[PDB]
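Okay, so here's the structure we're looking at.
Lettering follows sequence order; numbering is per chain, from 1. We use all heavy atoms of the structure for the numbers below, so side chains are in, but hydrogens, waters and symmetry mates are not.
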Amino acid sequence: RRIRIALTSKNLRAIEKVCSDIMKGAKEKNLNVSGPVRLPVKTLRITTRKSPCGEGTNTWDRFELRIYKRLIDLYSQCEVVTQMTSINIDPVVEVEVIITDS
Amino acid sequence: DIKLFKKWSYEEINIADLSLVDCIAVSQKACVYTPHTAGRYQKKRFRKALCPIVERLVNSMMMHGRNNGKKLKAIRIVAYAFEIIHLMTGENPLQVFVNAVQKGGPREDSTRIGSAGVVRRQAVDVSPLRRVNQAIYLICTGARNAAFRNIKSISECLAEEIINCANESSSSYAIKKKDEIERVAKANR
Amino acid sequence: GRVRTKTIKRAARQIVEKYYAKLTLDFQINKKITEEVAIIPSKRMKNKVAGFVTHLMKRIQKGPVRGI
Amino acid sequence: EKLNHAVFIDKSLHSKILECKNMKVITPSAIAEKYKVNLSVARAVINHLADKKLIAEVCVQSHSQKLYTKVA
Amino acid sequence: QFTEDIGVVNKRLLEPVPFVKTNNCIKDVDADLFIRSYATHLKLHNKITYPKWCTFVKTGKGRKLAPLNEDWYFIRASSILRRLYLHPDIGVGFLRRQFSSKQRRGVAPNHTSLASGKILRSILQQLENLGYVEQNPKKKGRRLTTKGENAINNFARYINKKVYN
Amino acid sequence: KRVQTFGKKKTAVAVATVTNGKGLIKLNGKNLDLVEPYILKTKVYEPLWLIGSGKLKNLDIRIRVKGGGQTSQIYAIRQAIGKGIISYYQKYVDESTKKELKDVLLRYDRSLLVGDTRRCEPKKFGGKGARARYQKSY
Amino acid sequence: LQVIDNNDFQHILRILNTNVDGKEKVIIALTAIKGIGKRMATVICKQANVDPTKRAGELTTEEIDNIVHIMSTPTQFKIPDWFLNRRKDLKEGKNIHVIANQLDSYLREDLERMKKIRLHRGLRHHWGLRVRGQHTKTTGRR
Amino acid sequence: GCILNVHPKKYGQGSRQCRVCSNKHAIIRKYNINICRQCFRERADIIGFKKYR
RNA sequence: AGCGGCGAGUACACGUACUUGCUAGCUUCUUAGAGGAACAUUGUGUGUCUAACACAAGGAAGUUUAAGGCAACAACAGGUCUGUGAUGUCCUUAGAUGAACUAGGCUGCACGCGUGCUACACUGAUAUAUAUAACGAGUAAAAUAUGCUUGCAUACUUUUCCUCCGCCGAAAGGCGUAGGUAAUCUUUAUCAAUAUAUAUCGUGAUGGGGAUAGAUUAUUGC
Ligand SMILES: [Mg+2]
Ligand SMILES: [Mg+2]
Ligand SMILES: [Mg+2]
Ligand SMILES: [Mg+2]
Ligand SMILES: [Mg+2]
Ligand SMILES: [Mg+2]
Ligand SMILES: [Mg+2]
Ligand SMILES: [Mg+2]
Ligand SMILES: [Mg+2]
Ligand SMILES: [Zn+2]
């Protein structure tokens, strides 16, 4: 019924494994599944100074926090997909289900 | 049927020095319609001698900080200078420029050599690549200094300098600097 | 420079000693043989080990090589 | 050594300028040096001559260089 | 249909080319020549008026001198018409960004500037009275009518036939 | 019938689509004559003059460009045109003639067929650029 | 092609009091008067119907009189209020545009008026220092 | 009356402070971190930031 | 995210450009996961013919292909207690060296030193016009509306961040109204300036330069 599954996470292994498991689990039920869509990766950056005080050569360090996102579509029921979603996922990935009928 | 600037042929031009024949490029790969090629010429030691001669001229023509990287303005300057050169003393302007390149560099020089602790200012010999480079540099500097705070435009100055350099006349910058270099070289050894 | 550290040379020398009858004078086949025999986590070091193996195999044709 | 270029054309000089059509390199600098006038005056006389087809274009001019020549 | 005169046609436009051309739309004519020629056309046929208050304004913050042509209003109008053909649903902010320059701030460094808005809005309203532009009901901004496109394209074809004969 | 080949420069990318036709060449919906820097037009016209007019009467080319600057867009357009003609001849005509044409273009110069790998260097703290450092005074 | 006679071209003028106005073009030659910049020279020249492409040495007397008239009382013409100096004058509450000489007197009077009241900015004019907030510890050092 | 803490403090350096120290200098306000720079350099790893180059 | 496919148009040449409703297939362009690819390979030279180096050909690439991050043993009486509910000792603790409220100073100017911005012009200044980037960011208080004499009770129903578009104003800006918690909107098949074209000026402290001063107008904020 045009259900969309959305995944976000900080870890690449985690979300890749979860996507693989959901993709294979839904295919045991003979369902029309749209392959994962990997959206652009977005990076959060902070550039702060070392040296609690102010003396010495001025050096910096560059920090990065990047976010991954996947996207799966399929035709099914709400109860089926909400059971399939929840098998005690590695709780470092966020999963949310939405109905895109329009 | 490839012409420089779509007007001038350099299919009949000759060098007639035989020392500088290998160091200036008007031949197979160097025949171009316009002096803009974004090549990699400085990666090796001697690859500089396959850049077409007019492109080396335009490469030295953008100098003194104010004009760094402004390549197209230099190309326009050089093209109009070549038109002015052809108009008076009607010849192939590239042949005149090659003749001027052949004349504007010294053939010998001086340097400090530490023979046995006591030294001198001994005369040495100049290589063909050094002579070509110095000719280009001195012609460009002469034209650039002529046009600063002057009524005459930069391309008029460049045309005059090239024509005078080809004719050995001691009214050009390159000829007189070169003669002074050679005089000191003959004096110190 | 392209000098090879002692880890690369020791691994190559043992490989030549133990599997001489299979090895050849071609880099790609020796790359595959080295993939199969040894244990090397990085493909870069594997390429360098296979290259030295091939270089050593070429020298043996000319006569004795010291240490093998 | 200060230049004393005139900014306009006289009756007496009027005949003198028009022999600027009877020579090879016609650039504003050459006219200014020859007749000791301004550069605006030299550009105006070049325009006057080329309007009446008394002077020939050597090439495609640009906003920064304007050489002409005498008529064949 | 057209008997008007075309502006000065410089060379470098008459070079032979190694492919084959067409000319049906303004995407086939040179832009500077079209702009000047159609500006003269608009001035001659009284299709727009020079706002009386423009005789003493400049066109932006960053300029600090006036246009010094006396025909700048019509020239900007014709550039705006061609721009409308290239970009359909355009507002006044787009046009302010479109005619930008650089502003020299004395002994402080330079920065990019932005054009004014009264000139632009008055020109657009003027062309709305003439029935060459309209305000997209569904969308936003404003675009060309059928009359405007037809007139612009007919002039472009006339210019092209004039040049290459 | 139809091929699609790209050309690249610093950050510009151009795509040329080649079909059978009657001689038309267009760039973003416009004729090639309207490429903007007039002094660099010969670079775009070069491969055509080399290959010639007779072999190219039956083709129609559309080109889109994106990114970069003046010069880099010109160079990407040249490379895309050359690679597109070579590809069309490789896919729909005997490829001995493909080899001949490729040799002509390669004899004139590479970068009519081979991309340029250069790329702007990252800057490091302590100076205005990648190499230059602030002025040290003692 | 203009052939203007050498005996009618006049080299030094006196347009307002204390002016010279040499052999220049009209726009730039009007900028020797002590309150005429480039913007207002252009506007004034347009309101007097005089061709900007001629030199000041070939302006007749009527054109000079017209220009001098426009420089005074420029609100009778169509010059808006935001082109003027002195837009409320503190003295008469009018928009005026001060010109040469007159301008120097106005500057002198402003300085002495704010120095008579013991205002901070006038007192810093009297001591010979910067008045608009500048640091003055490393620059301005004659 | 009372005049204790009556000056307006809706904006400016005197308004916000470190989430950990309570200091008022060199606060990170990007993404609403709201920690001064020293504590953040100490806690960045467990927060989620990494050093790659 | 694109391309393509099917229709209806607006104009031209006998297919091209643009607008528009709908939606066979494909991955070149966009995005992002897994892999592969260079080893000095081949030829020629130098070297104890070892360890290695140089040139040419091929190749996307042959200075370990380019740039960075990490950083041994041992030290400095190097800097920081003005980052810290990290801390030893000594001071001080109600006329406080605690915590606040009002005004002022940190910016004061005969002078000396370091990092810089703008220039000294024509390879320019001014004015019009054409063409063209990459990395980013973005939503407990005060504020808008009845009963009452500058205050109270009231929706946390709007608003507070980026702001398209329309109108007003020379301009700065003001008024009214969308979208967006974001590959969806601002806004990026493009959000800049060096560039390019045409005209004016013309070697004159000059239309170079823009410091120092006078007057009027807006916005942030008690
Ligand atoms: Mg502009
Ligand atoms: Mg730099
Ligand atoms: Mg100082
Ligand atoms: Mg792809
Ligand atoms: Mg502490
Ligand atoms: Mg206080
Ligand atoms: Mg301080
Ligand atoms: Mg001055
Ligand atoms: Mg100036
Ligand atoms: Zn803290």
Plane angle bin for G:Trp82 and E:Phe56 - parallel if under 30°, tilted between 30 and 60°, otherwise perpendicular: tilted
Confirm or reject stacking between I:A71 and I:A72, applying the criteria of under 5.5 Å between six-membered ring centres and under 30° between their planes. no
Do F:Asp116 and F:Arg118 sit within salt-bridge range, that is, some charged N less than 4.0 Å from a carboxylate O? yes
Same-atom distance (P) from I:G208 to I:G202, integer angstrom: 13 Å
With a 4.0 Å cut-off on heavy atoms, is G:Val98 in touch with a base, just the backbone sugar-phosphate, or nothing at all? nothing
Pucker family that the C1'-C2'-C3'-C4' torsion assigns to I:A54: north
Near F:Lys128 NZ, under 6.0 Å, is it more than 12 heavy atoms from other residues, nucleotides or ligands? no
May I ask you to say what C:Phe52 touches in the nucleic acid, namely base, sugar-phosphate or nothing, with a heavy-atom cut-off under 4.0 Å? nothing
Rounded distance in Å between the P positions of I:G15 and I:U30: 30 Å
Where the chi angle of I:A51 falls, syn if within 90° of 0 and anti if not: anti
Can you check whether F:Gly67's main-chain N or O pairs, donor with acceptor, with F:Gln73's side chain at less than 3.5 Å? yes
Test: I:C90 stacks on I:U89 (six-ring centres under 5.5 Å, planes under 30°): yes
Within 45° cone and under 6.0 Å: H:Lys9 NZ/CZ vs H:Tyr11 ring: no
Pair E:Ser101, E:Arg63: side-chain N/O donor-acceptor within cut-off below 3.5 Å: yes
In whole Å, what separates the P atom of I:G4 from that of I:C26? 16 Å
In terms of the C1'-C2'-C3'-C4' torsion, is I:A218 a north or a south sugar? north
What residue pairs, at least two apart or across chains, pass side chain to side chain donor-acceptor pair (under 3.5 Å) with a residue in residues 133-142 of chain G? none
Base, sugar-phosphate or nothing for A:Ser51? Non-hydrogen atoms, less than 4.0 Å. nothing
Kindly label the base of I:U190 as syn or anti, based on whether its glycosidic torsion lies within 90° of 0. syn
What contact category does E:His111 fall into here, base, sugar-phosphate, or nothing, at under 4.0 angstrom with non-hydrogen atoms? nothing
Between which nucleotides of RNA chain I, 5' to 3', does chain A make heavy-atom contacts below 4.0 Å? I:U31 to I:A183
Using atom P in both nucleotides, what's the gap between I:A125 and I:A119 to the nearest angstrom? 9 Å
Would E:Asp89 and E:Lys140 pass as an ion pair if we require N to O under 4.0 Å? no
Hey, are E:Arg36 and E:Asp32 close enough for a salt bridge, meaning a charged N less than 4.0 Å from a carboxylate O? yes
Is it true that F:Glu121 and F:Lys124 make a salt bridge, defined as a side-chain N closer than 4.0 Å to a carboxylate O? yes
With heavy atoms under 4.0 Å as the rule, sort E:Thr145 into base, sugar-phosphate or nothing. nothing
Would you indicate what F:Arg64 reaches in the nucleic acid, counting non-hydrogen atoms under 4.0 angstrom: base, sugar-phosphate, or nothing? base
5′-ward residue of the pair B:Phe148/H:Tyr31 relative to RNA chain I: B:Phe148
In which stems does RNA chain I show up, taking only runs of three or more Watson-Crick or G-U wobble pairs whose two distances fall under 3.5 Å? I:1-3 with I:25-27, I:4-12 with I:15-23, I:41-46 with I:52-57, I:124-129 with I:196-201, I:165-168 with I:173-176
What is the nucleic acid contact for E:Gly93, judged by heavy atoms within less than 4.0 Å: base, sugar-phosphate only, or nothing? sugar-phosphate
Note: E:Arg157-E:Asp28 ion pair, threshold 4.0 Å (strictly below): no
Using a 4.0 Å heavy-atom cut-off, does G:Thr31 contact any base of the nucleic acid, only the sugar-phosphate backbone, or nothing at all? nothing
I:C152 versus I:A96 - spacing of their P atoms, nearest Å: 37 Å
Tell me which of D:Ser64 and E:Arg121 sits closer to the 5' end of RNA chain I, going by the nucleotide each one is nearest to. E:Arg121
Determine the contact category for A:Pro52: base if any of its heavy atoms lies under 4.0 Å from a base atom, sugar-phosphate if only primed atoms, P, OP1 or OP2 are that close, otherwise nothing. base
In Å and rounded to the nearest 0.5 Å, what is the NZ to CZ distance from F:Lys26 to F:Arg62? 8.0 Å
Using a 90° cut-off around 0 for syn, call I:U19 syn or anti. anti
Which whole number of Å gives the distance between the P atom of I:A129 and that of I:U115? 44 Å
Are E:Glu149 and E:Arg143 close enough for a salt bridge, meaning some N to O gap below 4.0 Å? no
Within the 4.0 Å heavy-atom criterion, would you say D:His63 contacts the bases, only the backbone, or no part of the nucleic acid? base
At under 4.0 Å between heavy atoms, what does G:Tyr106 touch on the DNA or RNA strands: base, sugar-phosphate, or nothing? nothing
I:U184 on I:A183: ring centroids within less than 5.5 Å and planes tilted under 30°: no
If we define stacking as six-membered ring centres under 5.5 angstrom apart and planes under 30 degrees, are the neighbouring bases I:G85 and I:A86 stacked? no
Please classify the nucleic acid contact of E:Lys58 as base, sugar-phosphate, or nothing, using heavy-atom distances under 4.0 Å. nothing
Taking atom P in both I:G174 and I:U219, what distance in whole Å separates the two? 7 Å
I:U46 sugar pucker (north/south) via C1'-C2'-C3'-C4': north
Just confirming the chi classification of I:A195, syn or anti, using 90° around 0 as the syn window. syn
Which glycosidic conformation, syn or anti, is assigned to I:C14 if syn requires a torsion within 90° of zero? syn
Under the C1'-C2'-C3'-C4' criterion, what is the pucker of the sugar in I:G95: north or south? south
If a positive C1'-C2'-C3'-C4' torsion means north (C3'-endo side) and a negative one means south (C2'-endo side), where does I:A57 fall? north
What nucleic acid atoms does D:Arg43 come within less than 4.0 Å of, heavy atoms only: base, sugar-phosphate, or nothing? base
Could you give the distance separating I:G104 and I:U84 at their P atoms, to the nearest angstrom? 29 Å
Touch check for F:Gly67, heavy atoms < 4.0 angstrom, all strands: base, sugar-phosphate only, or nothing? base
Looking at I:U196 and its strand neighbour I:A195, I'd like to know if their base rings stack, meaning the ring centres are under 5.5 Å apart and the planes differ by less than 30°. yes
